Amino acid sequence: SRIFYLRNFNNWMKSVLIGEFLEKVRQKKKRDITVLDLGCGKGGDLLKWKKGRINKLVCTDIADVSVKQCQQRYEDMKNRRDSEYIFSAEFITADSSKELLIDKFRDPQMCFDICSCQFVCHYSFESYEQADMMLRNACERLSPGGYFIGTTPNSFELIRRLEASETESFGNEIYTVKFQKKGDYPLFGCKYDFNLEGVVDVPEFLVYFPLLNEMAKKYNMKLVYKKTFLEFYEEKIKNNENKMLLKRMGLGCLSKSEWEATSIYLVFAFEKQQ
């Protein structure tokens, strides 16, 4: 199928997002960029961190199999290079919705300039304590001026499509979202099935972004911006560095169906206050 159209477009989205806030970090900390990749998966963003020229990376995921794949991909990157430097990394298996990551870090008092949480944080909204815990994990160890960036389904788009659907499901040939019931969107535990054909079929939880925003305040976070994937793309392609990067990473235009899948998402970035 066309899995890698969406995969690579989404990776271009993450690269533009990561690149933007790495540049904002580097405008101050050219010294020792430290990044928490929360829900790193199998390490899809390792290369972006390598190109970002960061110094330390904590890769953590709930799936141990994915963390070890992340570790292996990292060691493969490290084991050969045109380059001479590459960030150091630690790899932590953990439910960042239930466990304190500082309990696992090599260095507990370490601080991050960026916590990147790409397509992960909505799993934290099973419950308030889990949503709070993931925020704490993403944000508590952020240095003042550090960034909490991520991508997560846009609850408005999900709900809008749900209310517009004649059923509790919606989607196309590429993806299906099924809510358990309609009109019942609890702050937490609002579960729905997300099926991305050939990619993932996993239950997710509605993240009402104003709720995520309010909750980030508890960790001295302020929203830098929230952008739908449409807003973000339409804005970011205007910069032709981003455009060319999309031509190099992408496999061609997204299909209407792919864009329908991708458009459920939003990009967000918060900054740790002084």
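Rigid core: the largest C-alpha set superposing within 1.5 Å between the two forms. Just count from 1 along the sequence shown to find any residue number.
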Positional deviation of Cα atoms in 6 other deposited structures of this protein after core superposition, greater for 112 to 120 or 160 to 168:
160 to 168
Between 223 to 231 and 236 to 244, which has the larger RMS C-alpha deviation from this form in 6 other deposited structures of this protein after core superposition?
236 to 244
Flanks modelled, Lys30 absent in at least a third of other entries:
yes
At least a third of other PDB entries omit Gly150:
no
Can you tell me whether 76 to 84 has a higher mean C-alpha B factor than 167 to 175 in this record, or the other way round?
76 to 84
Can you tell me which stretch has the higher mean Cα B-factor, 104 to 112 or 184 to 192?
104 to 112
Per the entry, which of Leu212, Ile62, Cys40, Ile33 tops the list for Cα B factor?
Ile33
Taking the C-alpha B-factors as the PDB entry records them, is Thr93 in the lowest, middle or highest third of its chain?
middle
In terms of the chain's CA B-factor thirds, is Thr228 lowest, middle or highest?
lowest
State the tercile, meaning the lowest, middle or highest third, of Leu158 with respect to the CA B-factors recorded for its chain.
lowest
What third of the chain does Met13 rank in for C-alpha temperature factor, lowest, middle or highest?
lowest
Grab the CA temperature factor for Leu206 from the record and place it in the lowest, middle or highest third of its chain.
lowest
